[PDB]
Amino acid sequence: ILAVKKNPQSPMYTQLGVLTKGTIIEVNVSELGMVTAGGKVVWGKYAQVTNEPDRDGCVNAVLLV
Amino acid sequence: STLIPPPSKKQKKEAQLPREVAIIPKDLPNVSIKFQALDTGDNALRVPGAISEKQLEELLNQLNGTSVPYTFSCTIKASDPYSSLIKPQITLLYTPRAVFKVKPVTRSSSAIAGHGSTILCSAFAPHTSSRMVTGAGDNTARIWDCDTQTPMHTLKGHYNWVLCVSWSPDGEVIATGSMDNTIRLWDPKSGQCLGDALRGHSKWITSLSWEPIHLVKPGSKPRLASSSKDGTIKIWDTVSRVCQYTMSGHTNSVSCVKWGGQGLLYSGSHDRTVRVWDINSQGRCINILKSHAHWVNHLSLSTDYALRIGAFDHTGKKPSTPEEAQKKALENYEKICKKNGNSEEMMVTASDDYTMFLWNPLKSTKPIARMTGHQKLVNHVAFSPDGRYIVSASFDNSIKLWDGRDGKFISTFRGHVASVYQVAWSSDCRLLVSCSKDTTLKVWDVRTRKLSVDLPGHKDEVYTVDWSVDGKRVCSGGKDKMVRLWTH
Amino acid sequence: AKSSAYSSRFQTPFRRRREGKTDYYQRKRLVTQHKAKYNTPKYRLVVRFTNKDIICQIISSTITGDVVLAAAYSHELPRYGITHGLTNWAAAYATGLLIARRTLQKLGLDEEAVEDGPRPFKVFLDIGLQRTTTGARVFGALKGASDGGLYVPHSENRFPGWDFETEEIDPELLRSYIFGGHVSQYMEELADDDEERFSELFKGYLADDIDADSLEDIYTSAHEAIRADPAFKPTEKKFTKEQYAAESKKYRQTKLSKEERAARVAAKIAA
Amino acid sequence: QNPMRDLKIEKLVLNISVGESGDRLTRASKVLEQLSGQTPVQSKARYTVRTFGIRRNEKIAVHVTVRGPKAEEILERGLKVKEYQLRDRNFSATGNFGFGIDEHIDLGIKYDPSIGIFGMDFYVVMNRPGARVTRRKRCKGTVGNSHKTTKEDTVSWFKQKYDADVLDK
Amino acid sequence: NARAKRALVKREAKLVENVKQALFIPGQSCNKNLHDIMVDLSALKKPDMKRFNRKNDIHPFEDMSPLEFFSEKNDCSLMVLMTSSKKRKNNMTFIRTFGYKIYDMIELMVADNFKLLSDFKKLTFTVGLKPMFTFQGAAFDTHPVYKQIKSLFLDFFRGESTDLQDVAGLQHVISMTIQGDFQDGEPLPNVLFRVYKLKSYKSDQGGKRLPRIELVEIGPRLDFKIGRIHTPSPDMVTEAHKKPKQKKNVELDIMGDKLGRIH
Amino acid sequence: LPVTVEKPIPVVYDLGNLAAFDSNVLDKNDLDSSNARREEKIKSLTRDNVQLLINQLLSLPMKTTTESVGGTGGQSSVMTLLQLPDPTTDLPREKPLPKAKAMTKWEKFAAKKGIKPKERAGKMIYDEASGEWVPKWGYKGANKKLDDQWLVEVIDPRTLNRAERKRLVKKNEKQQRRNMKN
RNA sequence: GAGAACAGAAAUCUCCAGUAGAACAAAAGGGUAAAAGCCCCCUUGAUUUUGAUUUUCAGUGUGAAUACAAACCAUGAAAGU
RNA sequence: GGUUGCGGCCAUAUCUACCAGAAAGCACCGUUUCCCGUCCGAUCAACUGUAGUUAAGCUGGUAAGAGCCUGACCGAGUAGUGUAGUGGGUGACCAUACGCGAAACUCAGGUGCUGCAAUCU
């Protein structure tokens, strides 16, 4: 992970860095080898967390494309 | 985007002083140099100083008695061509240049529309860069006039995908190995079904190969050689359309078929074993080589570039009769191959155990060297047109450059971010293009082991790449159903 | 008539604005283009259409006013084998290809040199006052100059066959405009339902019996001859310039003197 | 002399004025639709009065322009109603001439009860060939003086075709 | 709405500045010889120039209010005014303004031997390239008016600023030399003005890197004598040389890497 | 033929402007307005300077790239560019430096206490019945909704609401003008 | 100006004459006419990522505002804006 | 010397009225099947160079036709504005100085030059 871009239900929790369900986070995607038009190399994108990671350990997220 | 760190304050205050203009002072305190070739020649005691690096060339021309070009180098320590004293008796090594310059391929011509499925295979005509063939994920192949960037002569006649296309080494017919286990031949200028679909295999066709022109009977035409997923290797004569005689040695699927300079077919298969067939012995394997641990993909010969054109040199001319044609073809093969006077064609193997092997199947049945260092399977390997450089691509995003005579390690070409599917050499053996699972194509300058240009423009993966013979165009295509030509 | 004070007041436009040939708003955007990053020269390919002529010129501006590098005119197409239709799509294509191949040769590419590299030649399209329509024959010259091996940024929205609601090109309809295919469809379509307007139109065709096939067959050989010889051999130019000078000093009118107007006034006052 | 400087016609213009936007305007457009084979346009106002019972931008008038053969076709067909009667005026200083009539049904057209009785206008503008010198985009110019069209040229061109009268000076 | 806010905000004081625009003003006493040089001086300043057509009666060394008004109107920092008379024939006035107020003014006077591209052997040069510079003679480093002439011609004939520069643009050099040396007290010697165009050949004494260059004279060719001046006040000098303002033991390494020393 | 030439006092360079400064010795009796050999001296005393200057310019660091045509920025792979240093001569500006620091009494009130600025995230709000995202101001803003409500439930109240909004708008503009006059 | 059925002082239609006496985010000595005027086509924008100014009590790697820069974004055949 | 394409200066290049134009080119001019646009193939697009035309377009000349500009010792280094010695002032502040420093009438003259490329009885 690289940042917590936006957490619903408050901006204070976005500041504190909380990872509840629905949070939007920024992940490093150099392992997927994405190239943009003009030939640059993406290494950071947005994903949404899709579980309550207080009822397990994993944080599960879906990329935003 | 991510930025290079800006220069400091003291660095800005440094960059304003006067700075370091060289002068070439006098400069002939003469050093005795040793003119010695690569193969065997050491030709003989001359003591010049700081003279023109293009006058060393003329020295060698007048000495070896030809007035040709020569490239130079020294002290094979960092092995670099007054420039021998600015950084620091001293020797001199040279190689022949065969000057025919190929400008890089930078721009992008029009993205030609075409088939309705992905594009699987592509090939360039050996006689002119004006025509070019592509077999695609539909049941057809297509011919493209690269002169005007336009289509032509779509060749319907299969009913499953076309997995390999080949243009005969005389520029007379084109062959399309397909998924339905048929094999069809077509006329360039007409587009008519030249007979019916040859067949005899139980599963799909993997690779094709042709008879090299310098061995074909003048007054006749070359023959075929076909691999198939079933395991058979079949021969074909393109006048009677009859299966001459098959070969059934391997046990798993067979990947690739070759054809040497003395009439020795080589074949690597998914059975982890490379077999050396024969044509003067009616097709009984005479050598089996088992060195790999996993299965083998894309074997490659030392002269598979000269054996691909067959008397159509880089100047686009044509032959009128098999008499002159055979002499031109023999001259080509000898120019490419004769670096000691014998038939010293080597072979390189690429297998799924991350390692390549350097065979000389004629002289022995042992590998000369084991080339290693990759970290995932090696999908493709290739020899330089002059035969003294091996390039290898792999699914670990890298490309590696080896010394093609004994099998040392030279360099790595980083820059792709996904798997490298295949590579290709230019005519003068100085550039190298490569395609990858991500969009971009990359052009590398071998003379310095760096990246020359990086060209995007596709939208999905790219499966084929083919540089022309005179270096005028580069063709590519893949998952986005468009053909693409790149020029200088 | 006109008010003398108004005529003393009003100001005149530029000469070439008066003779309405030049577009001085486009010219600023096309000459003072960037122009704050570096100091790199900027050539420009111009293409012009009169009646019975296709003109192409690689123009480079300057302080003194302009310079021309390489030019091409459609009226040379017989030298390579095209006699009919010297103003159509195929003629525009051939002229573009010819100018591109000629300048490519003259620059010394095939058959301050520090930091060595060929550095392909970049030029731009000076459309002048031509209207931009999908299919116009000012983009055919562009296509030809590009396929000759020159580099001219462009797009496809103005090539024949671009479909609007589905933004993609069509290859075959484009290929059938490089070889006069439209004119040949016209010929084969009109050769039946009319013969009056097949002997009136295409009247020059019959005096050599060029049919509905050899168009595509001669255009290719024209391209081959062009790529073989762009060297631009001039005209022999009979009647060395002095002859024309003495000839057209005859029909040339002439002014008068001051002692001529000086006597006519007294002649009037006497009359 | 007249090598090619004849006095051919250019175009006919029709017109109907209705200070409203209603079924009157719709059928006034319809008659032009069915007559000229082309489609007619509407034209708005430019500023209000409030005395003539109108507003601004009310799409007042309908009209069509017709060139070629269908210009002279109506130019002739609409003459029998005026019965060849054209005065000195209804011409112009530039020779442009026209008139205006009533009772549409006097030429071909039937009644179609739900149209009404619609009166119309006419017009014709003349030129010697070479009308591009002003309408072209490049090197746009203005015609000379020997080539201008005054009243005499046009009135003789009229006392050439259909040989109508002078009708009061 | 914003098409006028744009033309308004273009004329705000910026941390990094844009090219200084030049204004060409023919006074009341203008002649044809004097006016066939304004065009040749605005050629080498194209495109950042603007010329007024008719004559404007402004005497600069008495009342400069029309000059400052023209500055504030035309949004041009430079001013070249053309005048002629018996006491001063072929007089040109060079003004540069600061904050729509006068900074310094200087008169120059032309001789009779000027030259034009209608006189010379014509050569080529693209419209908009940045010229080179040469200032010969040592008086430009020490003497006041000779410092002023250099600091004026640089400000006038340099155009854009750039960090990267292509080499196909280096195509002409401007040069200024004092006519001979002098001891203090003597009149201020004449300053010349020359414009050339380069050409380079293979050398063989310096490899393919350094060539042997050659010059050709294109035009113009002017001489200049000093007239009246108006020098900058100390406050304005200290207010016109200001850097816009945009760490011990702390360094930035390559790769980023803010680092610190501990000693 | 020589690409070099010597001069006693070293030329000073300004590569940030492509400028040379020579300070050697001239000869008063060579450049006089009538000397025949005048141009053949000017054009050479300047040619040696240009030679030194090209020598200095052709030895700077070069900046290559790997891009290709279409690149939105500038140069491509087939252009080497010289990295010019910065100029040194103090040439004067044309306008003073920009500085305007007024606190407008809101930056004073908000700073005496701890009112921090807002995050400036987005412009949309969520309408509840209906179910859209309805810009707070920017298209049919939630303000201009009591205007077209189909009944208000208490003179027309909607027009009074419009007037009450306009009063605050005009007060804000007046406050701004007062602050700018301070 | 001169003309076209109802048509007039002010309704619509057509030809020869504003160097601008109209309309211009707008006020000018001077500008805007193949537009900065009037029509038609395509479209977001309070985008995202670190150096200068200040301030956070979870002193808090950007956490946010703020100034500037770059990658993008829109349009165009393009030059470019 | 004409004509065409692209240009610098931007009325010595314009507004007005007649006259001449051989060859080459420019134009008017011939047509609507295809790409493309309009109420209308008029302008914009497409094709042949085909049936005609030198009438306008275009260039040039002429005119005590209107506009425009050039130069001169035309004014004159003067009027105008600034200091000065003691050049004077009950109060009113007033004459010829060195350095800045103008226009209208006067006189004479003109009514397009120039860069690159191709070509033309």
# chains A, B, ... in the order shown; residues from 1 in each chain; ligands from 1
>>> interface_residues(of="chain E", to="chain C", cutoff="9 Å", atoms="only C-alpha atoms", output="CSV table (one decimal) with N, CA and C atoms, in the first residue's frame")
chain,number,residue,atom,x,y,z
E,43,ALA,N,13.7,43.4,-38.0
E,43,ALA,CA,13.9,42.0,-38.5
E,43,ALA,C,14.6,41.1,-37.4
E,44,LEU,N,15.7,41.6,-36.9
E,44,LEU,CA,16.5,40.8,-35.9
E,44,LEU,C,15.8,40.8,-34.6
E,46,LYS,N,12.1,40.3,-34.7
E,46,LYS,CA,10.9,39.5,-34.9
E,46,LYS,C,10.9,38.3,-34.0
E,47,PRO,N,9.7,37.9,-33.5
E,47,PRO,CA,8.4,38.5,-33.7
E,47,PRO,C,8.0,39.5,-32.6
E,117,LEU,N,20.4,44.9,-46.2
E,117,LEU,CA,20.2,43.7,-47.0
E,117,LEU,C,19.9,43.9,-48.4
E,122,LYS,N,23.3,38.4,-50.3
E,122,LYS,CA,22.2,37.9,-49.4
E,122,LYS,C,22.5,36.5,-49.0
E,123,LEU,N,22.3,36.2,-47.7
E,123,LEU,CA,22.4,34.9,-47.2
E,123,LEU,C,21.1,34.6,-46.4
E,124,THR,N,21.0,33.4,-45.8
E,124,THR,CA,19.8,33.0,-45.2
E,124,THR,C,19.9,32.9,-43.7
E,125,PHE,N,18.7,33.0,-43.0
E,125,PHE,CA,18.6,32.8,-41.5
E,125,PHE,C,17.2,32.7,-41.1
E,126,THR,N,16.8,31.7,-40.3
E,126,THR,CA,15.4,31.5,-40.0
E,126,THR,C,14.8,32.5,-39.1
E,127,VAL,N,13.5,32.8,-39.2
E,127,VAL,CA,12.9,33.8,-38.4
E,127,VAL,C,12.6,33.2,-37.0
E,128,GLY,N,13.3,33.7,-36.0
E,128,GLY,CA,13.0,33.3,-34.6
E,128,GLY,C,14.2,32.7,-33.9
E,129,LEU,N,15.3,32.4,-34.5
E,129,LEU,CA,16.4,31.8,-33.9
E,129,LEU,C,17.1,32.7,-32.9
E,130,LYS,N,17.7,32.2,-31.9
E,130,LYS,CA,18.5,33.0,-30.9
E,130,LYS,C,19.9,33.2,-31.4
E,159,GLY,N,16.2,37.4,-26.6
E,159,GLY,CA,15.0,36.6,-26.7
E,159,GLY,C,14.7,35.7,-25.5
E,160,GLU,N,14.3,34.5,-25.9
E,160,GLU,CA,13.9,33.5,-24.8
E,160,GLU,C,15.1,33.1,-24.0
E,161,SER,N,14.8,32.5,-22.8
E,161,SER,CA,15.8,31.8,-22.1
E,161,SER,C,15.5,30.3,-22.1
E,162,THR,N,16.6,29.5,-22.1
E,162,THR,CA,16.4,28.1,-22.3
E,162,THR,C,17.5,27.4,-21.6
E,163,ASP,N,17.3,26.1,-21.2
E,163,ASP,CA,18.2,25.3,-20.6
E,163,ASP,C,18.8,24.3,-21.6
E,164,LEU,N,18.0,23.7,-22.5
E,164,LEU,CA,18.5,22.8,-23.5
E,164,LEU,C,18.4,23.6,-24.8
E,165,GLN,N,19.4,23.4,-25.7
E,165,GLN,CA,19.5,24.2,-26.9
E,165,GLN,C,20.0,23.2,-28.0
E,166,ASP,N,19.3,23.3,-29.2
E,166,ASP,CA,19.7,22.5,-30.3
E,166,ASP,C,20.8,23.2,-31.1
E,167,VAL,N,21.6,22.4,-31.8
E,167,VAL,CA,22.7,23.0,-32.6
E,167,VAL,C,22.4,23.4,-34.0
E,168,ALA,N,21.3,23.0,-34.5
E,168,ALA,CA,20.8,23.5,-35.8
E,168,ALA,C,20.2,24.9,-35.8
E,169,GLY,N,20.3,25.5,-34.6
E,169,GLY,CA,19.8,26.8,-34.5
E,169,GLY,C,20.9,27.9,-34.4
E,170,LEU,N,22.1,27.5,-34.0
E,170,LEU,CA,23.2,28.4,-34.0
E,170,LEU,C,23.6,28.8,-35.4
E,200,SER,N,30.8,26.1,-41.5
E,200,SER,CA,31.8,25.2,-40.9
E,200,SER,C,32.2,24.1,-41.9
E,201,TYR,N,33.5,23.8,-41.9
E,201,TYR,CA,34.0,22.8,-42.8
E,201,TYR,C,34.7,21.7,-42.0
E,208,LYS,N,36.1,14.7,-36.0
E,208,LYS,CA,34.8,15.0,-36.3
E,208,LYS,C,34.1,15.9,-35.3
E,209,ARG,N,34.7,16.1,-34.1
E,209,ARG,CA,34.1,16.9,-33.1
E,209,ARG,C,34.1,18.4,-33.4
E,210,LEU,N,35.3,19.0,-33.4
E,210,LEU,CA,35.5,20.4,-33.6
E,210,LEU,C,35.7,20.7,-35.0
E,211,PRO,N,34.9,21.6,-35.7
E,211,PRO,CA,35.2,22.0,-37.1
E,211,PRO,C,36.0,23.3,-37.1
>>> closest_atom_pairs(of="chain E", to="chain F", cutoff="7 Å", atoms="only C-alpha atoms", output="Markdown table")
| residue | atom | partner | partner_atom | distance |
| --- | --- | --- | --- | --- |
| E:13 | CA | F:98 | CA | 5.4 |
| E:14 | CA | F:98 | CA | 6.5 |
| E:15 | CA | F:97 | CA | 6.7 |
| E:77 | CA | F:94 | CA | 6.5 |
| E:97 | CA | F:94 | CA | 6.7 |
| E:98 | CA | F:94 | CA | 4.8 |
| E:99 | CA | F:95 | CA | 4.5 |
| E:132 | CA | F:18 | CA | 5.1 |
| E:133 | CA | F:19 | CA | 4.3 |
| E:134 | CA | F:20 | CA | 5.0 |
| E:135 | CA | F:21 | CA | 5.1 |
| E:136 | CA | F:22 | CA | 4.8 |
| E:137 | CA | F:23 | CA | 4.9 |
| E:138 | CA | F:23 | CA | 4.0 |
| E:151 | CA | F:91 | CA | 6.7 |
| E:163 | CA | F:84 | CA | 5.2 |
| E:164 | CA | F:83 | CA | 5.0 |
| E:165 | CA | F:81 | CA | 5.4 |
| E:166 | CA | F:81 | CA | 5.1 |
| E:179 | CA | F:31 | CA | 5.9 |
| E:180 | CA | F:28 | CA | 3.7 |
| E:181 | CA | F:28 | CA | 5.7 |
| E:203 | CA | F:1 | CA | 6.2 |
| E:205 | CA | F:2 | CA | 6.4 |
| E:206 | CA | F:3 | CA | 6.6 |
| E:210 | CA | F:55 | CA | 6.8 |
| E:211 | CA | F:3 | CA | 6.3 |
| E:212 | CA | F:3 | CA | 5.1 |
| E:213 | CA | F:51 | CA | 6.8 |
| E:215 | CA | F:47 | CA | 6.9 |
| E:240 | CA | F:92 | CA | 5.0 |
| E:241 | CA | F:92 | CA | 5.0 |
>>> residues_around(residues="region 18-32 of chain D", least_positions_apart="6", cutoff="9 Å", atoms="only C-alpha atoms (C1' of nucleotides)", output="list in words")
residues 38, 39, 40, 41, 42, 52, 53, 54, 55, 58, 59, 60, 61, 62, 63, 64, 114, 115, 116 and 118 of chain D; 11 and 12 of chain G
>>> closest_residue(among="C:91, C:215, C:246, C:270", to="chain H", atoms="only C-alpha atoms (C1' of nucleotides)")
C:246
>>> select_by_dssp(residues="region 6-158 of chain F", states="alpha helix (DSSP H)", output="NGL selection string")
:F and (39-57 or 106-112 or 157-158)
>>> closest_atom_pairs(of="chain A", to="chain B", cutoff="9 Å", atoms="only C-alpha atoms", output="JSON lines")
{"residue": "A:30", "atom": "CA", "partner": "B:417", "partner_atom": "CA", "distance": 8.1}
{"residue": "A:31", "atom": "CA", "partner": "B:417", "partner_atom": "CA", "distance": 8.4}
{"residue": "A:32", "atom": "CA", "partner": "B:418", "partner_atom": "CA", "distance": 7.9}
{"residue": "A:33", "atom": "CA", "partner": "B:417", "partner_atom": "CA", "distance": 5.1}
{"residue": "A:34", "atom": "CA", "partner": "B:438", "partner_atom": "CA", "distance": 7.0}
{"residue": "A:35", "atom": "CA", "partner": "B:438", "partner_atom": "CA", "distance": 6.9}
{"residue": "A:36", "atom": "CA", "partner": "B:439", "partner_atom": "CA", "distance": 8.7}
{"residue": "A:37", "atom": "CA", "partner": "B:456", "partner_atom": "CA", "distance": 7.0}
{"residue": "A:38", "atom": "CA", "partner": "B:456", "partner_atom": "CA", "distance": 6.6}
{"residue": "A:39", "atom": "CA", "partner": "B:456", "partner_atom": "CA", "distance": 5.6}
{"residue": "A:41", "atom": "CA", "partner": "B:417", "partner_atom": "CA", "distance": 8.3}
>>> closest_atom_pairs(of="chain G", to="chain A", cutoff="10 Å", atoms="only C-alpha atoms (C1' of nucleotides)", output="CSV")
residue,atom,partner,partner_atom,distance
G:58,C1',A:16,CA,9.5
G:60,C1',A:16,CA,9.0
G:63,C1',A:15,CA,6.3
G:64,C1',A:15,CA,9.3
G:71,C1',A:40,CA,9.7
>>> write_last_selection(atoms="N, CA, C and O atoms (P, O5', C5', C4', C3', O3' and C1' of nucleotides)", output="PDB file, in the first residue's frame")
ATOM      1  P     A G  58      -4.307  15.396  18.821  1.00  0.00           P
ATOM      2  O5'   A G  58      -3.976  13.847  18.926  1.00  0.00           O
ATOM      3  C5'   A G  58      -3.027  13.385  19.871  1.00  0.00           C
ATOM      4  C4'   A G  58      -1.649  13.351  19.284  1.00  0.00           C
ATOM      5  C3'   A G  58      -1.609  13.390  17.760  1.00  0.00           C
ATOM      6  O3'   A G  58      -0.354  13.925  17.328  1.00  0.00           O
ATOM      7  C1'   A G  58      -0.656  11.410  18.486  1.00  0.00           C
ATOM      8  P     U G  60       6.114  12.849  16.141  1.00  0.00           P
ATOM      9  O5'   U G  60       4.888  12.908  15.122  1.00  0.00           O
ATOM     10  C5'   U G  60       5.054  13.502  13.836  1.00  0.00           C
ATOM     11  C4'   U G  60       4.039  13.058  12.808  1.00  0.00           C
ATOM     12  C3'   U G  60       3.824  14.043  11.650  1.00  0.00           C
ATOM     13  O3'   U G  60       3.764  13.316  10.430  1.00  0.00           O
ATOM     14  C1'   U G  60       1.760  13.393  12.533  1.00  0.00           C
ATOM     15  P     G G  63       0.006  11.762   3.206  1.00  0.00           P
ATOM     16  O5'   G G  63      -1.419  11.868   3.888  1.00  0.00           O
ATOM     17  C5'   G G  63      -1.498  12.091   5.285  1.00  0.00           C
ATOM     18  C4'   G G  63      -2.253  13.352   5.598  1.00  0.00           C
ATOM     19  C3'   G G  63      -2.229  14.443   4.545  1.00  0.00           C
ATOM     20  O3'   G G  63      -3.111  14.208   3.463  1.00  0.00           O
ATOM     21  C1'   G G  63      -1.818  15.393   6.646  1.00  0.00           C
ATOM     22  P     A G  64      -2.973  15.062   2.109  1.00  0.00           P
ATOM     23  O5'   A G  64      -3.632  16.465   2.457  1.00  0.00           O
ATOM     24  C5'   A G  64      -4.963  16.545   2.939  1.00  0.00           C
ATOM     25  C4'   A G  64      -5.251  17.900   3.529  1.00  0.00           C
ATOM     26  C3'   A G  64      -5.074  19.068   2.591  1.00  0.00           C
ATOM     27  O3'   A G  64      -6.148  19.197   1.685  1.00  0.00           O
ATOM     28  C1'   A G  64      -4.099  19.591   4.670  1.00  0.00           C
ATOM     29  P     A G  71       5.844  17.024 -19.087  1.00  0.00           P
ATOM     30  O5'   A G  71       5.355  15.780 -18.220  1.00  0.00           O
ATOM     31  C5'   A G  71       5.044  14.539 -18.830  1.00  0.00           C
ATOM     32  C4'   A G  71       4.110  13.715 -17.981  1.00  0.00           C
ATOM     33  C3'   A G  71       2.725  13.488 -18.559  1.00  0.00           C
ATOM     34  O3'   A G  71       2.683  12.483 -19.551  1.00  0.00           O
ATOM     35  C1'   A G  71       2.529  14.101 -16.298  1.00  0.00           C
TER      36        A G  71
END
>>> closest_residue(among="H:63, H:97, H:108, H:73", to="chain E", atoms="only C-alpha atoms (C1' of nucleotides)")
H:73
>>> closest_residue(among="F:61, F:8, F:141, F:70", to="chain C", atoms="only C-alpha atoms")
F:70
>>> decode(residues="region 143-155 of chain D", atoms="N, CA, C and O atoms", output="CSV table (one decimal), in the first residue's frame")
chain,number,residue,atom,x,y,z
D,143,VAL,N,-16.8,42.5,-60.3
D,143,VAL,CA,-16.9,42.5,-61.8
D,143,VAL,C,-16.6,43.9,-62.3
D,143,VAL,O,-16.7,44.9,-61.6
D,144,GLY,N,-16.2,44.0,-63.6
D,144,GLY,CA,-15.9,45.2,-64.2
D,144,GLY,C,-17.1,46.1,-64.4
D,144,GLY,O,-18.1,46.0,-63.7
D,145,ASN,N,-17.0,47.1,-65.4
D,145,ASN,CA,-18.1,48.0,-65.7
D,145,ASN,C,-18.7,47.6,-67.0
D,145,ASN,O,-19.9,47.8,-67.1
D,146,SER,N,-18.0,47.2,-68.0
D,146,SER,CA,-18.6,46.8,-69.2
D,146,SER,C,-19.5,45.6,-69.0
D,146,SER,O,-20.3,45.3,-69.9
D,147,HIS,N,-19.3,44.9,-67.9
D,147,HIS,CA,-20.1,43.6,-67.7
D,147,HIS,C,-21.2,43.8,-66.7
D,147,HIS,O,-22.0,42.9,-66.5
D,148,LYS,N,-21.4,45.0,-66.2
D,148,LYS,CA,-22.5,45.3,-65.3
D,148,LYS,C,-23.9,45.2,-66.1
D,148,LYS,O,-23.9,45.2,-67.3
D,149,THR,N,-24.9,45.0,-65.3
D,149,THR,CA,-26.3,44.9,-65.8
D,149,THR,C,-27.1,46.1,-65.4
D,149,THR,O,-27.4,46.2,-64.2
D,150,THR,N,-27.5,46.9,-66.3
D,150,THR,CA,-28.4,48.0,-66.1
D,150,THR,C,-29.8,47.7,-66.5
D,150,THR,O,-30.1,46.5,-66.9
D,151,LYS,N,-30.7,48.7,-66.5
D,151,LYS,CA,-32.1,48.4,-66.8
D,151,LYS,C,-32.4,48.1,-68.3
D,151,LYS,O,-33.2,47.3,-68.6
D,152,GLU,N,-31.6,48.6,-69.2
D,152,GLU,CA,-31.8,48.5,-70.6
D,152,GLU,C,-31.5,47.0,-71.0
D,152,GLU,O,-32.3,46.4,-71.7
D,153,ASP,N,-30.4,46.5,-70.7
D,153,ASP,CA,-30.0,45.1,-70.9
D,153,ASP,C,-31.1,44.2,-70.5
D,153,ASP,O,-31.6,43.3,-71.3
D,154,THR,N,-31.6,44.3,-69.2
D,154,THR,CA,-32.6,43.4,-68.7
D,154,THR,C,-33.9,43.6,-69.3
D,154,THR,O,-34.7,42.6,-69.5
D,155,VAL,N,-34.3,44.9,-69.7
D,155,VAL,CA,-35.6,45.1,-70.3
D,155,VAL,C,-35.7,44.5,-71.7
D,155,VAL,O,-36.7,44.1,-72.2
